[PDB]
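Peer 1: Questions regarding the structure given below will be posed in turn.
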Amino acid sequence: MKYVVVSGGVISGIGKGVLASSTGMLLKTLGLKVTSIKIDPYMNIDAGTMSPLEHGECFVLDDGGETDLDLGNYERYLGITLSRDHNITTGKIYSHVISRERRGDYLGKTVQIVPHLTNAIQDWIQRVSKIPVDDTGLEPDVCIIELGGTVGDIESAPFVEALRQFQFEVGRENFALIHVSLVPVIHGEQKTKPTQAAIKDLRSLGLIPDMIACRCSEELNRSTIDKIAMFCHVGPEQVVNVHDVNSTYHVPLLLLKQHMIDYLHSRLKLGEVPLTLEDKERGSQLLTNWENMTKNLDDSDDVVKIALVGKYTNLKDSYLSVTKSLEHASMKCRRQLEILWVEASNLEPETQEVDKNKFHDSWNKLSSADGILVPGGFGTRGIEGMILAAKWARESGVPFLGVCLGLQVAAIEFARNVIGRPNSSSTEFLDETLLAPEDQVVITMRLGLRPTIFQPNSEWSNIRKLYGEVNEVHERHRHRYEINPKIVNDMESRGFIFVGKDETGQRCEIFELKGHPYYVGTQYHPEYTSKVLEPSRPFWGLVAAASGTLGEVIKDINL
Amino acid sequence: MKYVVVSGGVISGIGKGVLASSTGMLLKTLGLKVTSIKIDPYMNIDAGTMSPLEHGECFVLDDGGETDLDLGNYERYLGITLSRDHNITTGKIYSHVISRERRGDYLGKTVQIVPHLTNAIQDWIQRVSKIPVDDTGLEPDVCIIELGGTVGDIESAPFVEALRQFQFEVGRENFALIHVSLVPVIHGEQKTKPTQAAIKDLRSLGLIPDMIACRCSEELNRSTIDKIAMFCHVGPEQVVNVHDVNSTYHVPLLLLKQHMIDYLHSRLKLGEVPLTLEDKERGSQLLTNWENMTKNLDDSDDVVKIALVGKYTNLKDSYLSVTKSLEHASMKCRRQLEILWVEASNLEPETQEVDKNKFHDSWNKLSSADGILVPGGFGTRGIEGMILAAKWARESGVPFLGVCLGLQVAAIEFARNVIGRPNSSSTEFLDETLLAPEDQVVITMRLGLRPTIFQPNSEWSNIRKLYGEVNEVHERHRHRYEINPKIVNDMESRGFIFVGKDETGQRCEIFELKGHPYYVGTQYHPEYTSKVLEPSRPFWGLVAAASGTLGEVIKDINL
Amino acid sequence: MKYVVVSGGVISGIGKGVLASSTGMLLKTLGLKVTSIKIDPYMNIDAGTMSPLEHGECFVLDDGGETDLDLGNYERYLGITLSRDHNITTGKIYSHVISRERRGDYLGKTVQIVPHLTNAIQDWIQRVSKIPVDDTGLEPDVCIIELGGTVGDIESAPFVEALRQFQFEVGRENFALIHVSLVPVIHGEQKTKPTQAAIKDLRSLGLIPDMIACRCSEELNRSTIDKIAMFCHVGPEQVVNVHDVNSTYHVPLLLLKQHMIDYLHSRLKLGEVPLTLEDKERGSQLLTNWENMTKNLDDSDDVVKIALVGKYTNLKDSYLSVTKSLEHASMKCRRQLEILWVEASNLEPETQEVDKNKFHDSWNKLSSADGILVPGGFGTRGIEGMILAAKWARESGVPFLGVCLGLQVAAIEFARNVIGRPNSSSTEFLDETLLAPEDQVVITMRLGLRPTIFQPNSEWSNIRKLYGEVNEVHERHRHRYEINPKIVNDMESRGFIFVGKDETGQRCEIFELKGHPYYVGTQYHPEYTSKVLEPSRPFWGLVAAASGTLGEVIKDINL
Amino acid sequence: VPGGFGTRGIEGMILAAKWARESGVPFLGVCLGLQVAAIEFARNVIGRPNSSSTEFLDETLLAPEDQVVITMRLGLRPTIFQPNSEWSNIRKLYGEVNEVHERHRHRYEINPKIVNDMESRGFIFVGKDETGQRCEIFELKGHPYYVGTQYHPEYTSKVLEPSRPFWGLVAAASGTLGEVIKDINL
Ligand SMILES: Nc1ccn([C@@H]2O[C@H](COP(=O)(O)OP(=O)(O)OP(=O)(O)O)[C@@H](O)[C@H]2O)c(=O)n1
Ligand SMILES: Nc1ccn([C@@H]2O[C@H](COP(=O)(O)OP(=O)(O)OP(=O)(O)O)[C@@H](O)[C@H]2O)c(=O)n1
Ligand SMILES: Nc1ccn([C@@H]2O[C@H](COP(=O)(O)OP(=O)(O)OP(=O)(O)O)[C@@H](O)[C@H]2O)c(=O)n1
Ligand SMILES: Nc1ccn([C@@H]2O[C@H](COP(=O)(O)OP(=O)(O)OP(=O)(O)O)[C@@H](O)[C@H]2O)c(=O)n1
Ligand SMILES: Nc1ccn([C@@H]2O[C@H](COP(=O)(O)OP(=O)(O)OP(=O)(O)O)[C@@H](O)[C@H]2O)c(=O)n1
Ligand SMILES: Nc1ccn([C@@H]2O[C@H](COP(=O)(O)OP(=O)(O)OP(=O)(O)O)[C@@H](O)[C@H]2O)c(=O)n1
Ligand SMILES: [Mg+2]
Ligand SMILES: [Mg+2]
Ligand SMILES: [Mg+2]
Ligand SMILES: [Mg+2]
Ligand SMILES: [Mg+2]
Ligand SMILES: [Mg+2]
């Protein structure tokens, strides 16, 4: 086993999550079975209690574990599947050892937070890094730990102590620390004193740093690096600069130009880890897929405009997984992406009574879009705008994907505007009216990776061509409310055909509309399973249809 | 070159100076040409300005450099000769670089204390550790640096930075840090939190510790060591305990039982230093001289009482070199020492008018003494008591040594009480009277190691037998005032014979009185040149005469 | 993790089991949490099917796993508790992977013995060496693997391949091979060609040796070692000699004189394993307990004669654990042991009709004994001799221990000879007679470590003093047949008091007879739990009573 | 006998209770102390030498059980004095007030089916729980001061108001137990 801990910061907004998700990617190019752990200093047990307004979207794992965003960034960069244990939190570990007290397992000793709770952290990291994460049950070679918060805090405090002991309870040369740090620029001069005042605290809290990964606004001066290597004890080759480049998928290749694999190969003796040619050649091939997709980003010019239609579009992190899946689908089509933020409530005609500028800008963005996405919203208060965009996408022939709530407004749209029931309703919203035309029903939660089976006649469905025509699809779910299955025999007659269903047959999970270029609902969330070299099939479908050449993508899949 | 820095402390009174003077002694048993450097955070250039009341005696070097006490402890433990450069001070290095500014040598740059002054420290330590110190001009193998003050101060601050750079400007494995530390005991429990709050500051200021040398009141518990080795990163074998033992000459052998040579041989790769058999066998022989003299201390019982007669005897550190030279002379005679502190002014008959108890206790201690010492006092205000003790020592036949002022009160005593001039006077005191019977004259200072030549007829003199009958003696001086040379032809006629003189003949430096068992004045200071295995010949004379067997010591010397 | 594999041999009778049980002991003196694995090339799943005539006694583990003898040697040398998984066998691993085939887990591939079965071995060794074995659930630092059979066989073949891959699937410097070997002596010359013809095969089968542990009849010549170090690639310091010495408890200290800890500390980098002072000081203290008990064996002279009374005494390995527990008890009493082999059937009066010499020699040995043991026999055909020895031990006051069957013949003896039922019988033997005076009943098996609770009045019982007066005893069991609990109220009235019982109260597990110096039955097996520094309390009782000073042992326990 | 925990020292605590009863020395049993006093009195005055702490010797299932489990009972609880109690030195120390409020801990309590025997033999249960079914104080008739309290009297003592059973013990041991009973009741 080996560990690399990514850590530090003068400030908590500094962006450690790319250097974690990008260090682990570079180590995966050596062919190593890499894994990752997030530490979050917040008290939440797991993210399911905190709304998407409050620091971004509610992620989903194979377990159903509603979790921190930063798990998702490692899953999509590293190709790995994570579990709800990979998110260490102050909530979890304190709830764990305090529940263990009432169980009695410390034999009625004191449960001081030094010794015993820092021992539970060091045990949890050693459990979790041995859980398998790739397509086979082989245990990881290297674990990337992202230490949330900063080193020099009061929510960080048990973790930085636990990791001082863990620098020895796992031997040095099986552990390395990467310290992210701030180097401000003021009046044209690079200021390395915030960094030198977090190297003092790092040595004090007891870890010793290996890298000094500065988030400067610039290239670091040769004299700036020379002084950071005088005040921190690292050699000047190790003072990596992580400055902005044309997209975040380039960041691994900047770190590779900055020798970071050659340093980590030495500093963790990675030549002593046992690897097969099936490991190593997969490693060096994955490097060439990353060099190819970044070269394709560097000279892709032909734009594709996708309208993302929903509430809270000013909080873009409320959709981080939706955005990132369109970026994967974009780079695979070799069309450059623009996403058009349509704040759905502005499409509703009553907006014309409040501000006409909003009514025109939103319908302008929607009309300009080469493809349309209803992105699995939350709450109900924007729903009429999401219905109008689904009417537009059906009648104007524009490519369409409905995710989760998106499948459900598509059924509501089709009921109101093709089946001809204008009172038909989201039972998710208009409940205590008790009306008969209910497009949905509550069936109290359903979460995690679940099996979707294709219905028998489905051969013609573009969505089934995009899934490689395989009879079952494994994808991640969230929904309380599902389509009322007593309308399905009507929709099945009117050309709205339910391509895919749950294994009991009673629950509807995919539809495709007959006789449209690409119009799909998926009631699972296709966002979360997308990887940077394997875009999620419904999202690859949307960005292909909107680019043209949907047929040529269907060959690239099925060959 | 190799360095061991002795450092640290929660508190500055903790006693680092033995662990320095005793680490260097253990390394000298490997045969290495060891040297030592004192750092003193005080602003004094050199100790000549600060009176013996204010933190102890005014030392003297071969240069005449009036210096910190702690040079003396290394000289006598290590056998080495030091120079006034071996005392780094905040006074010296700031006076040096600020005088260098007016000379211009920084080419008109800023002389920031980071970079440039910490570079002058790192240059000074590298100059000084290459100065020769043994009986031949061979440069040192290892240098012990004693960092005065504490690590975690404001007078320490440039030194701890300079030594962080010096951990690299000289490579690791040529440098090691020994951190002395406090482990209080309260209500019967050993408290290792003062130590853990100086390991935090040490890592912060940037040095990394190797040893954790606790000054506990006890043996450290196995659980106390195990926790210090959990919070400091040292292994538990390295947490040396430096507790009190029957005399400070045992301390090296406690550190040798605690593996400290075996650790330093590894941690500085001392097997790679080139040594001859003339080095190595001198090393292992010196170890057996230390094992022998400590075994002799362990079962020597026969006491010898020496009266030390002078002012300020409540400030025993005002005489630290005098005390230590009697301890060497004691252990060489194999008699256990008691020193009788005679506060000289109490011997004066006017004390009987003020407090009779003082007059009796002081004359009781003087009468009880097996030998008498006038210890080179300072000022003049106790002089009549020192004259009465010299009258007593001459008439009652008791063994006597006068050092510096001691030779001078012996001439004043002999003038008043044998030559018969009762008005004869210390010109050092009774100056503006302008009287003719002046026993002294001013000749403005005279300092350092100087040559004393024996006068021709001297063959019979016990002091010349103790110096091995060699024609010239090299010893360290301090005196403004010297014997008036126009009385010498009278004293030479009356049996007070000046055994030794300055090379010009005009200055008188040793006398021995004819027809007394042992009665000597030396106007140089014999204290400073004594080593733990080579006691200063006049002091070996005194403690031998007082023990009996002065003749048997004269064979041990001359064989 | 670290591994040392003990292996090799020109011949299979060469005695590898001491070098395994003695290498692991030397590593435990560094304080390392050592464990051990036995590989047995035989096809038996576990030893319960093979009778004690056929290669020695039927061992018992905490699991109830009836197992190979060689587990016992590591348990008693290393203080460890093992589990039935620590005995790898050709039976087990082939039964495992062939049962796994019918379960389907190789996904319908071929299950070649290369790749897949050698992968199951390498998985099993990596599972098993992480199971905890000491008094706390901490996973082992080093694992000793004893490779049964020889390297160069057809029953060895999958293991030597699995261990060639395991030399890499665990890195070199986490693995070392010790090759035991034969160096015959013929016409006075040491013959190192059998050894050189097993170093050829070792290199061929692909492991590389580290040690060459010769079982010569002599000290190896300096020229013999020099040639073995020319033909094997080891340096001559590594060619350890394992010749006979005054008892097998000396063998670790011969290997310690032959540098084997200093070599294994280097060759596995054991300084890089994390140890506490509670580990290290327990390590160096256990070394002094081994130096003390071997020094006590070197000058203990006062004999104690213990009669071991049972069938098959010509097959001494049928009692190996019984013998070894008396040796521990002996060395703890500081009396030298003689065991008197009484072939029990010879005590029966009908032997006088067959051979009087057998009848006299057996009663002579029994009468000569200072103490008597009925050693948990098997079958029934010697039982009348074991009853006569129990009559003798009760009436002649001689110290007595009955183990398992020994407790049961003691109840049968007491019934026939004190309660006065001469027809009372072992229901284990005389079954289909259906008589009413049944001293036993079948209750179909009961195995492994079980809880024995002391009955309330038990305070006076010497056996309860030997167990430290603790209310519950944890010890290993085997019995189909147990004392008929409907006789107990009679025996409890006649002074045969059942000191200890099963937690239900219904089963009787210890008795002590009132008013005899030491007369005990234990229906569990006290042999198996004895360690070389912690002799089994009933056996320490017997060898103490027979030595005299049973009271002084009761202080050594309870202080 | 200071309200111990576990059971492994209990025979020593019984011998000290035998000594304190027969040698007339002043005695206080707190919690477990009341319980070993009942066990002592059963073995050494009532004459059942097999009588036992059911807190220890449980799965023997014997009939002379001096205690029973009744799963926890904690905090400040009301103790009511039994009617005839006027003569009891412990009731004089509580100011003769009919109810006492003090802090409890006990899983195991005296088996209430022995009480009618002890009440006949001069071991009188001065105080009980409000249901009457649980026994909380005893005082032995005809001894200078010999008390069991099954609550813990330690915790309620203040530096200017010492806990009445403990003021009783240190007064009896000092002599002048009567003079303390005036200092209380005046
Ligand atoms: N490989 C990555 C990593 C991060 N991000 C972006 O980074 C964001 C949040 O910043 P991040 O780098 O994850 O760190 P912070 O949120 O600043 O938090 P912290 O510094 O506490 O880790 C999101 O907007 C996400 O789009 C990204 O696009 N690609
Ligand atoms: N740890 C430090 C670093 C610098 N200085 C002193 O502080 C002065 C001003 O600090 P500055 O020159 O700004 O040093 P930087 O570390 O570069 O600060 P910044 O990065 O903000 O420019 C320096 O000339 C130097 O003498 C100091 O006392 N302690
Ligand atoms: N080998 C030694 C070293 C020190 N001392 C004694 O130690 C004294 C002063 O304490 P020291 O150990 O030199 O250190 P501190 O004065 O406490 O100062 P610091 O801790 O700042 O180094 C003197 O009284 C001297 O007699 C001694 O006798 N022998
Ligand atoms: N660096 C540390 C050390 C200890 N503790 C906590 O503080 C409590 C009280 O400290 P203490 O137990 O006294 O630890 P020591 O370091 O031994 O303090 P001392 O040496 O003074 O006894 C401990 O139980 C532990 O939970 C802490 O928060 N931070
Ligand atoms: N520490 C040890 C090890 C072994 N033996 C003795 O060794 C025996 C059997 O030989 P062993 O050394 O265990 O090995 P072998 O039986 O020869 O088998 P192999 O060589 O196949 O391992 C038993 O008689 C046992 O008494 C012993 O007394 N003490
Ligand atoms: N691997 C070897 C070893 C030896 N020889 C030759 O065989 C001769 C006889 O073998 P021997 O001298 O007996 O060598 P040893 O290995 O010592 O045989 P042994 O140990 O049985 O004495 C040697 O002189 C040598 O020339 C050989 O051919 N191949
Ligand atoms: Mg903030
Ligand atoms: Mg982040
Ligand atoms: Mg001070
Ligand atoms: Mg000092
Ligand atoms: Mg055979
Ligand atoms: Mg064997």
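Just so we're on the same page: first chain in the structure tokens is A, next is B, and so on; residues restart at 1 for each chain, and ligands are numbered from 1 in the order they show up.
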Using DSSP assignments from the backbone, pull out every residue in range 134-374 of chain C that falls under strand (DSSP E) and give it to me as a ChimeraX atom specification.

Peer 2: /C:142-147,175-181,185-186,189-190,211-214,303-310,336-343,371-374

Peer 1: Any chance you could export the current selection's C-alpha atoms as a PDB file, in the first residue's frame?

Peer 2:
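Result file is out-v3.pdb:
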```
ATOM      1  CA  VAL C 142       6.381 -11.301  10.548  1.00  0.00           C
ATOM      2  CA  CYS C 143       5.112 -14.740   9.451  1.00  0.00           C
ATOM      3  CA  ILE C 144       7.245 -17.945   9.617  1.00  0.00           C
ATOM      4  CA  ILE C 145       6.106 -20.457   6.933  1.00  0.00           C
ATOM      5  CA  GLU C 146       7.257 -24.072   7.526  1.00  0.00           C
ATOM      6  CA  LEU C 147       7.207 -25.869   4.121  1.00  0.00           C
ATOM      7  CA  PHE C 175      10.485 -12.397   2.009  1.00  0.00           C
ATOM      8  CA  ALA C 176      13.453 -14.634   3.007  1.00  0.00           C
ATOM      9  CA  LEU C 177      14.144 -18.402   2.524  1.00  0.00           C
ATOM     10  CA  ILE C 178      15.900 -20.623   5.082  1.00  0.00           C
ATOM     11  CA  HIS C 179      16.979 -23.950   3.517  1.00  0.00           C
ATOM     12  CA  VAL C 180      17.571 -26.774   6.035  1.00  0.00           C
ATOM     13  CA  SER C 181      19.980 -29.346   4.587  1.00  0.00           C
ATOM     14  CA  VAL C 185      29.716 -37.693   7.786  1.00  0.00           C
ATOM     15  CA  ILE C 186      31.379 -40.863   6.417  1.00  0.00           C
ATOM     16  CA  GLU C 189      34.857 -36.529   6.325  1.00  0.00           C
ATOM     17  CA  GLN C 190      31.944 -33.973   6.126  1.00  0.00           C
ATOM     18  CA  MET C 211      20.489 -19.402   4.988  1.00  0.00           C
ATOM     19  CA  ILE C 212      21.875 -22.942   4.661  1.00  0.00           C
ATOM     20  CA  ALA C 213      20.931 -24.582   7.956  1.00  0.00           C
ATOM     21  CA  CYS C 214      22.907 -27.833   8.091  1.00  0.00           C
ATOM     22  CA  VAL C 303      15.545 -35.217  39.778  1.00  0.00           C
ATOM     23  CA  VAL C 304      11.772 -35.702  39.832  1.00  0.00           C
ATOM     24  CA  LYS C 305      10.369 -39.005  38.447  1.00  0.00           C
ATOM     25  CA  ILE C 306       6.834 -38.788  36.931  1.00  0.00           C
ATOM     26  CA  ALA C 307       5.079 -42.027  35.904  1.00  0.00           C
ATOM     27  CA  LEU C 308       3.176 -41.600  32.647  1.00  0.00           C
ATOM     28  CA  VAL C 309       0.713 -44.506  32.739  1.00  0.00           C
ATOM     29  CA  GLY C 310      -1.030 -45.533  29.469  1.00  0.00           C
ATOM     30  CA  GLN C 336      15.407 -32.086  36.289  1.00  0.00           C
ATOM     31  CA  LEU C 337      12.828 -34.483  34.804  1.00  0.00           C
ATOM     32  CA  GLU C 338      12.752 -38.232  34.333  1.00  0.00           C
ATOM     33  CA  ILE C 339       9.454 -39.601  32.899  1.00  0.00           C
ATOM     34  CA  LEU C 340       8.737 -43.264  33.697  1.00  0.00           C
ATOM     35  CA  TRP C 341       6.962 -44.987  30.794  1.00  0.00           C
ATOM     36  CA  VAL C 342       4.424 -47.405  32.324  1.00  0.00           C
ATOM     37  CA  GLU C 343       2.769 -49.440  29.562  1.00  0.00           C
ATOM     38  CA  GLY C 371       4.317 -38.383  40.925  1.00  0.00           C
ATOM     39  CA  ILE C 372       1.770 -40.114  38.616  1.00  0.00           C
ATOM     40  CA  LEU C 373      -0.026 -39.077  35.410  1.00  0.00           C
ATOM     41  CA  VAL C 374      -2.932 -40.742  33.538  1.00  0.00           C
TER      42      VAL C 374
END
```

Peer 1: Let me see if you get this right: every residue at most 7 Å from ligand 5, counting only C-alpha atoms and all ligand atoms, written as a PyMOL selection string.

Peer 2: chain C and resi 12-18+21-22+70+73+148-149+248-249+317+320

Peer 1: Excluding range 227-242 of chain B and residues on its chain fewer than 3 positions from it, collect all residues at most 10 Å away from it, counting only C-alpha atoms, and give them as a PyMOL selection string.

Peer 2: (chain A and resi 115+161+164-165+167-168+206) or (chain B and resi 15+18-19+178-181+183+192-193+195-200+203+208-224+245+251-252+254-255+257-260+263) or (chain C and resi 274-278+280)

Peer 1: If we count only C-alpha atoms and set the cut-off at 10 Å, which residues sit around residue 130 in chain C, ignoring sequence neighbours fewer than 5 positions away in its own chain? Please answer as JSON, numbers by chain.

Peer 2: {"C": [1, 35, 125, 138, 139, 140, 141, 142, 143]}

Peer 1: Selected residues, C-alpha atoms, written as an mmCIF file, in the first residue's frame, please.

Peer 2:
```
data_model
loop_
_atom_site.group_PDB
_atom_site.id
_atom_site.type_symbol
_atom_site.label_atom_id
_atom_site.label_comp_id
_atom_site.auth_asym_id
_atom_site.auth_seq_id
_atom_site.Cartn_x
_atom_site.Cartn_y
_atom_site.Cartn_z
ATOM 1 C CA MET C 1 4.155 -7.614 6.476
ATOM 2 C CA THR C 35 2.939 -15.581 13.588
ATOM 3 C CA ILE C 125 -0.986 -17.243 3.019
ATOM 4 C CA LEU C 138 -3.154 -6.607 16.427
ATOM 5 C CA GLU C 139 -2.126 -8.144 13.065
ATOM 6 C CA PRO C 140 1.312 -9.898 12.809
ATOM 7 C CA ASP C 141 4.588 -8.134 11.841
ATOM 8 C CA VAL C 142 6.381 -11.301 10.548
ATOM 9 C CA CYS C 143 5.112 -14.740 9.451
#
```

Peer 1: Mind listing the helix (DSSP H, G or I) residues of range 251-416 of chain B, per DSSP on the backbone, as number ranges by chain?

Peer 2: B: 251-257, 260-267, 270-272, 277-299, 316-333, 344-347, 349-353, 356-368, 383-395, 405-416

Peer 1: Which residues come within 12 Å of residue 36 in chain D, counting only C-alpha atoms, excluding same-chain residues fewer than 5 positions away, as number ranges by chain?

Peer 2: D: 1-4, 7, 9-18, 28-31, 41-44, 51-56, 66-67, 108-110, 147-150

Peer 1: Could you tell me which residues of chain A sit within 9 Å of chain C when counting only C-alpha atoms, and give me the result as a PDB file with C-alpha atoms, in the first residue's frame?

Peer 2:
```pdb
ATOM      1  CA  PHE A 168       4.549   6.333  10.958  1.00  0.00           C
ATOM      2  CA  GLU A 169       1.778   3.762  11.574  1.00  0.00           C
ATOM      3  CA  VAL A 170       2.242   3.415   7.787  1.00  0.00           C
ATOM      4  CA  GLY A 171       6.005   3.802   7.131  1.00  0.00           C
ATOM      5  CA  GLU A 272       8.787  -1.830  -6.156  1.00  0.00           C
ATOM      6  CA  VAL A 273       4.951  -2.232  -6.589  1.00  0.00           C
ATOM      7  CA  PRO A 274       4.131  -5.461  -8.567  1.00  0.00           C
TER       8      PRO A 274
END
```

Peer 1: Within 8 Å of chain C, which residues of chain D are there when counting only C-alpha atoms? Please give them as a ChimeraX atom specification.

Peer 2: /D:57,59-60

Peer 1: I want to know what sits within 8 Å of residue 412 in chain A, based on only C-alpha atoms, with residues of the same chain fewer than 5 positions away left out; could you give that as a short mmCIF file (atom, residue, chain, number, x, y, z; two decimals) with N, CA and C atoms, in the first residue's frame?

Peer 2:
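And here is the file that came out, part_30.cif:
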```cif
data_model
loop_
_atom_site.label_atom_id
_atom_site.label_comp_id
_atom_site.auth_asym_id
_atom_site.auth_seq_id
_atom_site.Cartn_x
_atom_site.Cartn_y
_atom_site.Cartn_z
N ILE A 387 -42.04 22.24 -18.90
CA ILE A 387 -43.06 21.68 -19.79
C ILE A 387 -43.05 22.39 -21.15
N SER A 424 -54.09 17.32 -16.62
CA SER A 424 -53.13 16.33 -16.12
C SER A 424 -51.92 16.98 -15.45
N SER A 425 -51.41 16.34 -14.40
CA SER A 425 -50.64 17.04 -13.38
C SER A 425 -49.51 16.21 -12.81
N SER A 426 -48.47 16.92 -12.35
CA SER A 426 -47.46 16.36 -11.47
C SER A 426 -48.06 16.12 -10.09
N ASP A 439 -50.15 12.01 -13.64
CA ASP A 439 -49.05 11.51 -14.46
C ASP A 439 -47.96 10.81 -13.64
#
```

Peer 1: Record the distance separating CA of residue 468 in chain B and atom 29 (N, counted along the ligand's line) of ligand 3, expressed in Å with one decimal.

Peer 2: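 Atom 29 (N, counted along the ligand's line) of ligand 3 lies at a distance of 28.7 Å from CA of residue 468 in chain B.
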
Peer 1: Any idea what the distance is between CA of residue 442 in chain C and CA of residue 62 in chain D?

Peer 2: 28.1 Å

Peer 1: Skip residue 122 in chain B itself and residues of its chain fewer than 6 positions away, then list as a PyMOL selection string all residues within 8 Å of it, counting only C-alpha atoms.

Peer 2: chain B and resi 162-163+165-166

Peer 1: If you measure from atom 11 (P, counted along the ligand's line) of ligand 1 to CA of residue 403 in chain A, what distance in Å do you get, rounded to one decimal?

Peer 2: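 Value for the atom 11 (P, counted along the ligand's line) of ligand 1-CA of residue 403 in chain A distance: 25.0 Å.
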